[PDB]
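Any read-out appearing in this document is the output of simple, stated calculations on the displayed coordinates, not a laboratory observation. Reconstructed Cβ throughout: ideal geometry from the backbone, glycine too, with neighbour counts over all protein chains shown.
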Amino acid sequence: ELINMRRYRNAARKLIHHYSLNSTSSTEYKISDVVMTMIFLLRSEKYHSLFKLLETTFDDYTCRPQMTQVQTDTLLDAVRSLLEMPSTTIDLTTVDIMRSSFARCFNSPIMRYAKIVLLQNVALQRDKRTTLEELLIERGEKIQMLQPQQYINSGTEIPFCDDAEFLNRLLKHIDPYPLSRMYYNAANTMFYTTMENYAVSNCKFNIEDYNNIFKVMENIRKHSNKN
Amino acid sequence: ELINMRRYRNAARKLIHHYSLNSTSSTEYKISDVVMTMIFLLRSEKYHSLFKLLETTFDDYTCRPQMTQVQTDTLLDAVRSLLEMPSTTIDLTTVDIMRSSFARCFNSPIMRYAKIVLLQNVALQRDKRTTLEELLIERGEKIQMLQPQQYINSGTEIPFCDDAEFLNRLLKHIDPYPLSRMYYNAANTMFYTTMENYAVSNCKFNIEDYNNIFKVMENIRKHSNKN
Amino acid sequence: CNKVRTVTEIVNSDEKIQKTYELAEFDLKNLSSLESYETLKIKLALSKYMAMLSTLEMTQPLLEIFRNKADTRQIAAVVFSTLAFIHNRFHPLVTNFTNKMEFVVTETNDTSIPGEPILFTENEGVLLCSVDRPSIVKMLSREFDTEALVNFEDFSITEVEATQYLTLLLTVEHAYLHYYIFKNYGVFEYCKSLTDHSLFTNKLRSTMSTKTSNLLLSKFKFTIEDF
Amino acid sequence: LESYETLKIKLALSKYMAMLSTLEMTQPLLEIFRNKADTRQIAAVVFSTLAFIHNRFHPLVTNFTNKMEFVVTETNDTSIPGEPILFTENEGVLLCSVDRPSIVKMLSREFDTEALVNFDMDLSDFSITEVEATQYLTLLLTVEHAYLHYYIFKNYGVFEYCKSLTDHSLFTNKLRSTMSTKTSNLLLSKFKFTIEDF
């Protein structure tokens, strides 16, 4: 039809890859991009589950659809098919993350140049806001309960390969590998997974300071006023 | 049936009013209004022409579509139908102005989950042998970038505490201090600083030749070869 | 050359303070300051880690190793060996783990700790190394982008594959920082670092206790995109 | 002749110290340059030293015939390797840019103190140290290099000034004792000094 299936399918693929915390690369977004994504979701009956979930989430979060296991499983399979990735990597966690992301995006006035804000806040667990330290101590109690799984006493000496030929061949194989991009990907992935953990466990965290404190403190004492 | 046309059309009425009377008003509206308007427009067969027209308004705003007068006539009919406003103040020019308003609104950036900005410093190590003049010009381009701060341009006679007592006390106090040691220290410090800078910048500096030119040429042609 | 000879002479006299130096400092600053040398160092450390893993009697690739929910023996050994590698890198004179460690590997929500996927504790003289399978598999399932976005500002190894090993290396870096802080001081200090991380400025100065070492992240400085 | 010229040299150094005291800067020179925040005092020192060199070189003209500005940079990328005093004219006004880190390196380089050549009254007074005198001498010589380049720039075009920046052999065209360029011991002609490189 007048809608380009390929264009809108790929645009929706990008939007889900990003707003569902599954991808790393960031592409600057426009409103028409999300409009095309949602239109493509509309045109496909199979993804009408997410499409109508978005429709419900347009107005407010005083309600959430009530579904059985069958609808959820079919929705999960549809999302897996859209992502074309390993299937079990998303689950209701990713579903709720995407819902909260899209709900936050749909609300709020249109800004001149982006907003650049995390979505951990007011995302999950409408119940309360519990202290992080108490969660640490309580969950550590359950961690230290039972079943340590390995008793390694003597310790095995670390294996070392002094054959430079293999080290040089590995080095040659890392020749095409750019350190900057790889490191950027690794840091971004670690940070996003930590943010997911903070969101899911509902332990509020110093978004702008604590991790920034890690970085700043470590770099500063690595270079300046080491003494 | 699954789609509420009434609310979609009601929001679209205000949105089209604002965007057709050239009242942008980004404060009033969000993405939800735009997407509801787009869905309602795509819903009926009547506005498929307008949907096709706005398709290329998403990204390529320099390509003027080629259309005849009859197609524009039917499009004007659709515009009068949607606006529900008399065609006295409605024409193709206002339609195109509204089109530009929609394109500008569509291309607005919205929000991101932020990103670990791994750009920072690299120290710009060329990893090759480097010349003198190329480094001088390339560095001087960044030297003259911005921020002129110190503004001392008046022009004044140099202040002098012309009293000899201050001079005499100092001059008597400098008697035990040799000149050879001081001049050695100054020259040695200059040599160390220059070699440090060349080591940092990895510039091909004459091992012991340019500063030798300084020394010998200056001293000798001061002493002789006066001209 | 092997010698750089410096002299400061004198008018109407012949005595000179003739000093001779060496190229060790100049060339050493050139090479260490050169980014190629530090890139070589980073690639060498990564190659040593890869050779360690290959000689670890592990033929299955990393993510495939972490997919095995049934046996956590391989995952525990991987974490153990990476801890051993970092312990080597800080203090080369020590290789083995003199204390016998036990791994409590979990796949539950409660045991997951938001910020330290591998928490390390002690319980009546026996050392506890928490392994959080859900968080680490979430980390290793983010489909790193590989297109050329450098933004400078024979083997079955690719970009994203070695990227996962690098991410694991950074995770073990944080874990080992916490472990070393715990071992140098009391449990209160370790937990307070887990809550503030301020002890990074206490003992890790480049001295006998801690002898420099890159820590990897010193190669690339990274910041948040805050306002 | 050595006694006379030594007296003249120490008199010139005393005048240098006296002028830099007349600048009325409460901060010490080493702390003058350590302070990355305030460029006002450092640029004042540079401007006053340029005035000192200009007037010693040209006693007959006193008032400035030029207007000058200063830009202070504290990064590796800006630092020209060898001439931390970046002096040029931009849009009808001369600019004397400075690389502070190079200078704070220079004035903190474990100055030699031992004489390796091997050969009522008193009370509180103006006391000086060998390190401070050596630092002042190094600063004066550096700004003298800057003023040599400025004079080449004035007496030539910017093209020839740049070619001098490439060669430095062009100092000897005009700086001799003349009715225009008034002689002067120049604070470095007092001693010859050569390298013994292989």
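For the reader, a short list of remarks on this structure follows.
- Residue within the stretch A:142-152 that is crowded, with 19+ Cβ neighbours inside 10 Å, facing another protein chain (nearest Cβ under 7 Å), in a helix (DSSP H, G or I) and under 18 Å from the mean Cα position of the chain (by Cα) present: no
- Within the stretch B:192-206, tally of residues that are touching a strand residue (DSSP E or B) at 6+ places or on another chain (Cβ under 9 Å), of a type outside the set (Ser, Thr, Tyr) and facing chain D (nearest Cβ under 7 Å): 2
- Residue B:66 surrounded by 13 or more Cβ atoms within 10 Å (Cβ to Cβ) and either of a type outside the set (A, V, I, L, M, F, W, C) or out of contact with any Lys or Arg (no Cβ under 8 Å at 6 or more places or on another chain) (or both): no
- If only residues of the stretch C:183-225 that are part of a loop (DSSP other than H, G, I, E, B), within 14 Å of chain B (Cβ to nearest Cβ) and of a type in the set (D, E, K, R) are counted, the one that is farthest from residue C:126 (Cα to Cα) is C:225.
Let's see how each residue does on (1) of a type in the set (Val, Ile, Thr); (2) within 11 Å of another protein chain (Cβ to nearest Cβ); (3) touching a strand residue (DSSP E or B) at 6+ places or on another chain (Cβ under 8 Å):
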| position | (1), (2), (3) |
| --- | --- |
| B:38 | no, yes, no |
| B:41 | no, yes, no |
| B:54 | no, yes, no |
| B:65 | no, no, no |
| B:72 | yes, no, no |
| B:75 | no, no, no |
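- Search result, residues across the stretch C:1-42 that are among the basic types (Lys, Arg) and under 12 Å from residue D:193 (Cβ atoms): C:16
- Residues in the stretch A:174-201 that are surrounded by 17 or more Cβ atoms within 10 Å (Cβ to Cβ) and over 30 Å from residue A:212 (Cβ atoms): A:174 only.
- Residues of the stretch C:18-52 classified as among the hydroxyl-bearing types (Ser, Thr, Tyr), closer than 25 Å to residue B:198 by Cα and in a helix (DSSP H, G or I), total: 5
- Residues that are aromatic (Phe, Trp, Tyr) and in contact with a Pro (Cβ under 8 Å, 6 or more places away or on another chain) within the stretch B:178-216 comprise B:198, B:205, listed in sequence order.
- Residue match in the stretch A:213-225 (condition: more than 7 Å from every other protein chain (Cβ to nearest Cβ), in contact with a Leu (Cβ under 9 Å, 6 or more places away or on another chain) and among the small types (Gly, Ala, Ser)): no
- Verdict on residue C:15 being within 30 Å of residue A:155 (Cα to Cα) and either part of a helix (DSSP H, G or I) or of a type outside the set (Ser, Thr, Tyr) (or both): no
- Taken as a whole, the structure leaves residue A:95 outside the set of residues that are at the interface with chain B (Cβ under 10 Å from one of its Cβ atoms) and β-branched (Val, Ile, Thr).
- Residue count for the stretch A:195-218, restricted to those that are assigned to a helix (DSSP H, G or I) and closer than 14 Å to residue A:97 by Cα: 7
- Single unsatisfied condition, residue A:165 versus (1) facing chain C (nearest Cβ under 7 Å); (2) within 19 Å of residue C:154 (Cα to Cα): (1)
- Considering the conditions (1) over 23 Å from residue C:135 (Cβ atoms); (2) exposed (fewer than 15 other Cβ atoms within 10 Å of the Cβ); (3) among the aliphatic types (A, V, I, L, M), residue A:82 is excluded by exactly one of them, (2).
- Every residue from the stretch A:124-141 that is within 14 Å of chain C (Cβ to nearest Cβ) and either surrounded by 15 or more Cβ atoms within 10 Å (Cβ to Cβ) or farther than 25 Å from residue C:192 by Cα (or both): A:124, A:125, A:132, A:135, A:136, A:139, A:140
- Flag if residue B:120 is within 14 Å of another protein chain (Cβ to nearest Cβ) and in contact with a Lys or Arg (Cβ under 6 Å, 6 or more places away or on another chain): yes
- Check on residue D:124, surrounded by fewer than 13 Cβ atoms within 10 Å (Cβ to Cβ) and hydroxyl-bearing (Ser, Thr, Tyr): yes
- Count - residues of the stretch B:64-102 that are more than 15 Å from residue B:16 (Cβ to Cβ) and in a helix (DSSP H, G or I): 9
- The single residue among C:65, C:86, C:113 that is buried (at least 20 other Cβ atoms within 10 Å of the Cβ) and farther than 30 Å from residue C:208 by Cβ turns out to be C:113.
- With respect to the conditions (1) away from chain B (no Cβ under 11 Å); (2) farther than 26 Å from residue B:56 by Cβ; (3) of a type outside the set (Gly, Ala, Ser), residue A:47 lacks only one, and its number is (2).
- Residue count, the stretch C:147-181 (criterion: within 20 Å of residue A:23 (Cα to Cα), of a type in the set (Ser, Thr, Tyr) and more than 8 Å from every other protein chain (Cβ to nearest Cβ)): 2
- Qualifying residue in the stretch B:161-182 (condition: touching a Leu at 6+ places or on another chain (Cβ under 7 Å) and under 26 Å from residue C:4 (Cα atoms)): yes
- Selected residue (criterion: nearest to residue C:18 (Cα to Cα)) from residues of the stretch D:139-182 that are assigned to a helix (DSSP H, G or I) and of a type in the set (S, T, N, Q): D:142
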